[PDB]
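Inspection log for the structure reproduced underneath, given as structure tokens.
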Amino acid sequence: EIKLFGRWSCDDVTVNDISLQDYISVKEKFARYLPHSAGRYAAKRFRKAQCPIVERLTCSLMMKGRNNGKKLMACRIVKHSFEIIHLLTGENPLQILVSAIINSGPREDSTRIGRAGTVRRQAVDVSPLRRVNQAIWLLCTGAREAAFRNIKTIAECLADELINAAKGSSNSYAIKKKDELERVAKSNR
Amino acid sequence: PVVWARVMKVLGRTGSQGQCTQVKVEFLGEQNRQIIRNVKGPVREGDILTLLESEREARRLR
Amino acid sequence: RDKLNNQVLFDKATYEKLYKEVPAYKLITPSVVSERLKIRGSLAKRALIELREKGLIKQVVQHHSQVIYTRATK
Amino acid sequence: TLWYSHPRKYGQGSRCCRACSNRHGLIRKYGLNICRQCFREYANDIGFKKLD
Amino acid sequence: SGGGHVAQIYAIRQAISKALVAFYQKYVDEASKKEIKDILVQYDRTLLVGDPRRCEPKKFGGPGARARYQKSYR
Amino acid sequence: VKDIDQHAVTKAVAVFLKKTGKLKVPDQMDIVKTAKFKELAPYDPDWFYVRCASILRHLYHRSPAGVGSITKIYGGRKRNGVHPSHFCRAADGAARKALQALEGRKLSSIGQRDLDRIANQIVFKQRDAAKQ
Amino acid sequence: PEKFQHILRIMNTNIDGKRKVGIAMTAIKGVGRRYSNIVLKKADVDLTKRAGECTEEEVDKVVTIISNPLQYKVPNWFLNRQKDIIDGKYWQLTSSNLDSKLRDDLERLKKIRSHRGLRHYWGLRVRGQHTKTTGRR
Amino acid sequence: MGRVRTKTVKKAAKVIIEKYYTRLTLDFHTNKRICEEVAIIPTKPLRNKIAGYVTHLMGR
Amino acid sequence: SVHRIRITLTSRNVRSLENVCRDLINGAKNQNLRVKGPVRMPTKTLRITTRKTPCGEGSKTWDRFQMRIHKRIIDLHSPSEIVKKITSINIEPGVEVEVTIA
RNA sequence: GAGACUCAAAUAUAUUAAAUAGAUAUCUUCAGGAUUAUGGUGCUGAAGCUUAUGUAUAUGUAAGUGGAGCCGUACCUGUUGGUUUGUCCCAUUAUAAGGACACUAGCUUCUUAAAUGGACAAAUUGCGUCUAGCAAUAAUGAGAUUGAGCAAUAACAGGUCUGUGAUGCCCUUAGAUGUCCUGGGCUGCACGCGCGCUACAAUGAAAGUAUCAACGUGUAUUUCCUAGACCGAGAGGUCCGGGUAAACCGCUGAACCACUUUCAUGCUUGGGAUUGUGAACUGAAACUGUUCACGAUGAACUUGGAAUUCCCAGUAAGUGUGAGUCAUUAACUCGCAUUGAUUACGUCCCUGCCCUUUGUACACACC
């Protein structure tokens, strides 16, 4: 009764990141089979760790006005792309997803409003509640412009950076623009 | 740049445009260093957190 | 800006050329054949329907707006 | 008889203003015919308490 | 009836869950009622958390309930 | 009929009366656009009379259903006139004479057990067809 | 299918080798996408054919519908011109005469000098479009 | 904390125990019922007001 | 032979609509008029909105107004010779009785 | 003053409550299957198939014809009609009881409330200046069911005399500004601007297919809502209806999505401005236009300079319907309903704002 998330094995998925353990929970208490929830996943400050990540992996897709609204198409497009994550590197796709957030994680600073005035200095840490959700924010951009005037579709461009976000990534993708962000932040910090 | 820092105590922010939790954290191998760092974003009490800059925290007295 | 103004065609000169290409090319997507030369988009998908000889395919998606194929992995 | 045009049976003109004889400001199409600048003074006694 | 192409399928879940809980209360067995609840309530996927979140009345100056269109030349 | 959803079954029945000679072809069938919203003519005619499967549920559940009550609520996904879209009537016309294609009152008197059970025998045969 | 030419050409318009045969027909001015099934199946042209296909023995009978849409059962409302006005003849004049005829009703009207006449001097939208607002473009 | 006892739920509370501490206990849902006998509330949300606070002080 | 006189009753005030079940229906069920209980109808709500302000210039919102009138139906399986006295007593301000004759 | 009270779906039908809805139960009828058991039957010509003409082409029959099934039941799954004090009684043309039985041979879940109920808070928590220790946690309709409306004090040269037979003063009065007719015009356009919709297409444009709401809505002295057949590329036209309305429209069987396709990214089948043309139709009457049809015509524009709008949940936003002005004219307006996010769960920088000390030449208050 724990098998078959979409079509594949569900368990044996490890968050291989100190200090991301005991905060990113995908399977170990969330054996929820489809990434559509009904009502509401926010009543207080701390709610995103209590949501399944694969639920959060879908809801960021509805943007840009004309695509805002249809979570079922987000349910359509991700379950039609896991086979591309299953055919490339034939191990189970869910272990590839949790490893994808690691290399796409900005585990570093951000730019801070100064302690007497305007914004020049560095915010010396970024919360995992802020970080890995913004790791979802970077990926949902780049495939759309990879499909906007290009006439390849997103289903291959979702699998574009995701096979690179799991391993050590190649040249600049949707995983990038944050690796660029910490170079100017290291000159900041 | 590889050490991880766990939180013990929380204080407020110079928030308005870049709320960043000026917060009391300590390491594990360097757990005697309870340096009061500054994390951007919401943080629950009891969370171990990664870190690369392990030198200072830009102290203003509070 | 790329143009790629290739011919939509039954591709008789290259159907045997892709026939030896798809082993061991398991990445047979309807977009990458349009990313290949002699760009067919619709009948090239139907050319993978012509690749349905119970060989060199494992069809995994039969859907609206996408018919995603993998090869018959040995 | 003479010099009296306008066969009024179409549109607003001239089926107007059973409350003020002011043709421009009517609300009609429920059955009110109250010329709604003559409604706030004339809201009682015709029901119509406000509830939200 | 009601619902839609999404939310009408939702209310099947509350129906199919509580159908066992009342047939086990008054007709079958107490532990049969107990063995169907503890498997559910681990996370329960709001099978019984019937949140009364409903559509809110609209206001003025907006196209929505808690919206307001603006810029009257600030 | 209460078997699997008629995405494929409505494709099936539209050829079966087309097999048995009861096509009863329209006259402007290359001209019609089934409503004053469409910009292209359809590919063929078989998708027109697929609504006998609808009235296997609409005479069943809605009503003995007339032409006007059908086609207005029928076939709406419409992008109307450009500024901006509305909803329309889909402009039936000749399909109100589709009863001749089948040959208080009832619309189809043979689709009670004579005609529809054969189509129910088809999905029962399709149950045997999809059994392997 | 076809390997020889893959570039079609008719009177006043050339056709590429990419557009489908309904919309390659629409690539000629004077006809639109509604005729893509109408005049092609009136010429018995398969819509599933390609631009390299639909050979020259088929395209001439299309011109017989162009040169005479009356004999091919096309109604006047289904014609690009009906009740001309002058000579009254219902027509489709695909890329060859509507380019001339567009001023032909107007070149009367320059001498008629009606409501719609003098407006074509300066540039004005001849239906109820309020021209004060933009005043340009 | 965020909800504050107002004057009506406080200044009227100072006599009702002072008159009738006898035969009154800390049990709220019956002290909820007792407000109808010694007093007359207009509305039961104010009974939901005035009875909870006086039961929030019986140990105090 | 025997008549089934089905009578609608309506009013705006719910208290008078609560008053009529206190006095009318028990003065008839004492002699088996077959009331079949209070048949309450959904109300007829109406909302009218317009500009609240003559020369409405400024923060130009609107005013809402509501109305509620409720119905409760009393049908009876009894002939015409019994039911004339209940039309005489009791009568209330703003209640509407409707009995069909011809 | 704020609170408090007013309204709105969650809340035991636990109590009476149905021309809403019906749950049901079974009567049934609309019956497939062999899911069932088969009785007659099964290679002997069954099923199926044609011709002839009567009857007004179907059917009848034979021949034609063909080689396994036929026909009937019950179980399964389905129309329909009533199951109101059920059945059979009766008065009655037929309801009720009267006569008995199940002694309930359909009851009130549901929609409707008219009500009390309804986080109704000792809610556990190293008690903070004993005083109001966040803690989510206890419930398990319920961790506010929960949003508006109502809003003071002194006021401002805010808004309006064109809402008014509220109205001062001033203007006019057979040669009127008044008033009714004929007209035009407010819509006129090198130009500035704001409010919104149409897109800038691959989360699509197309085709079908699956198959989902709700506030409402609707004709008596004026022609509304419409169904049903009928005609028409359509637009619309004709005929018989219903509905003064939980009753008919209508159970309104809404859009976007969802499902196979067609398109190959090419200002392109994306995007529909422009402009001819007839075809409509409303109104006595249409011409920068009454709107709507058909088949033509395919511009501008591929994300928009400095700028700057709103907003923390069923919300934003997409996507619709109704209502309002109406003879016809919605792209706005008032709510309805569906689909359903990121992120905030703060701060006092910045434009803000609220009264505590505070200097002042501050005054008609830094304009």
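Note that we place each Cβ from the backbone using ideal geometry, even for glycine, and neighbour counts take in every protein chain shown. Every number here is computed from the coordinates shown, using simple stated rules; none is lab data.
Secondary-structure-derived ellipticity at 222 nm for chain A, considering helices only, amounts to -12500 deg cm²/dmol, per-run term -39500 (n - 2.57) for DSSP H runs with n ≥ 4. Only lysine pairs 8 or more places apart, or on different chains, with alpha-carbon atoms under 27 angstrom apart are counted in chain E, and they number 8. This model, with +1 at the C-beta of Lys and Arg and -1 at the C-beta of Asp and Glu, gives region G:30-128 a dipole about its Cα centre of some 940 debye. With r defined as the distance between the Cβ atoms of residue H:28 and residue H:4 and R0 fixed at 30 Å, what FRET efficiency is calculated, to the nearest 0.05? After rounding, the FRET efficiency stands at 0.95.
Across all Cα pairs in chain C, the calculated P(r) in 10 Å bins from zero up to the longest distance comes to 19, 56, 23, 2 percent per bin.
Would you grab the residues whose amide H sits under 5 Å from the one on residue B:5? Only those 5+ places off in sequence or on another chain, please, with H modelled 1.01 Å from N. The list, which skips near neighbours in sequence, is B:49, B:50, B:51. The spacing between region F:17-49 and region D:1-39, judged by their C-alpha centroids, is 51 Å.
For residue F:72 and residue F:8, the FRET efficiency from 1/(1 + (r/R0)^6), where r spans their Cβ atoms and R0 equals 22 Å, is about 0.20. Cross-link partners for residue D:49 among the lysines, with Cα-Cα distance under 16 Å and sequence neighbours closer than 8 places in the same chain left out: I:44, I:52. Each Cα pair under 8 Å and six or more residues apart adds its separation to the average, and for chain H the resulting relative contact order is 43 percent.
For residue I:29, the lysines whose Cα comes closer than 18 Å to its Cα, not counting residues fewer than 8 places off in the same chain, are I:84, I:85. Projecting the Cα positions of F:52, F:108, F:73 onto the charge dipole of region F:1-117 (unit charges on Cβ atoms of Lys, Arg, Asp and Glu, taken about the Cα centre) puts F:73 furthest along the positive direction. Rounded to the nearest 20 debye, the dipole magnitude of chain I is 360 debye, with +1 charges on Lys and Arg beta carbons, -1 on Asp and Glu beta carbons, and the Cα centre as origin. Placing +1 on the Cβ of every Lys and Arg and -1 on the Cβ of every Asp and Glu, with nothing else charged, gives the protein assembly as shown a dipole about its Cα centre of roughly 3960 debye.
3J(HN,Hα) along region F:51-63, derived from phi through the Karplus expression 6.51 cos²θ - 1.76 cosθ + 1.60 where θ = phi - 60°, amounts to 8, 5, 6, 5, 7, 6, 10, 8, 6, 5, 10, 6, 5 Hz, with x in place of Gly and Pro. Taking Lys and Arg as +1 and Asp and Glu as -1, the other residues whose beta-carbon sits under 15 Å from that of residue F:113 total +1.
Over region G:21-137, the alpha carbon radius of gyration divided by the compact-protein estimate 2.2 N^0.38 Å works out to 1.35. Between I:23, I:63, I:75, the GNM of chain I built on Cα springs shorter than 10 angstrom shows I:63 fluctuating the most.
Mean per-residue shielding of peptide A:116-125 is 5, counting Cβ atoms of other chains within 10 Å of each Cβ. Among the chymotrypsin sites (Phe, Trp or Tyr not before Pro) in region F:1-64, those placed in a DSSP loop whose Cβ has at most 16 other Cβ atoms within 10 Å are F:43, F:47.
Diagonalising the gyration tensor over the Cα atoms of chain B and scaling each eigenvalue by 5 before taking the square root yields semi-axes of 19, 12, 11 Å, largest first.
Among the chymotrypsin sites (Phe, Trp or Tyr not before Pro) in chain D, those placed in a DSSP loop whose Cβ has at most 10 other Cβ atoms within 10 Å are D:3, D:4, D:10, D:30. Dipole of the protein assembly as shown computed with +1 at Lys/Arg Cβ and -1 at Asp/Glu Cβ about the Cα centre; of C:25, F:87, B:16, farthest Cα towards the positive end is B:16.
In the protein assembly as shown, the alpha-carbon atoms span a convex hull of 397 Å³ per residue. Farthest toward the positive end of the dipole of region D:11-52, out of D:39, D:27, D:11, is the Cα of D:11, where the dipole comes from beta carbon charges about the Cα centre.
GNM on chain A, alpha-carbon springs under 10 angstrom: the most fluctuating residue among A:66, A:45, A:149 is A:45. Comparing Cα centroids, region E:1-16 and region E:33-74 end up 16 angstrom apart. Averaging the Cα positions of each part gives two centres, and for region A:1-58 and region B:24-43 these lie 27 Å apart.
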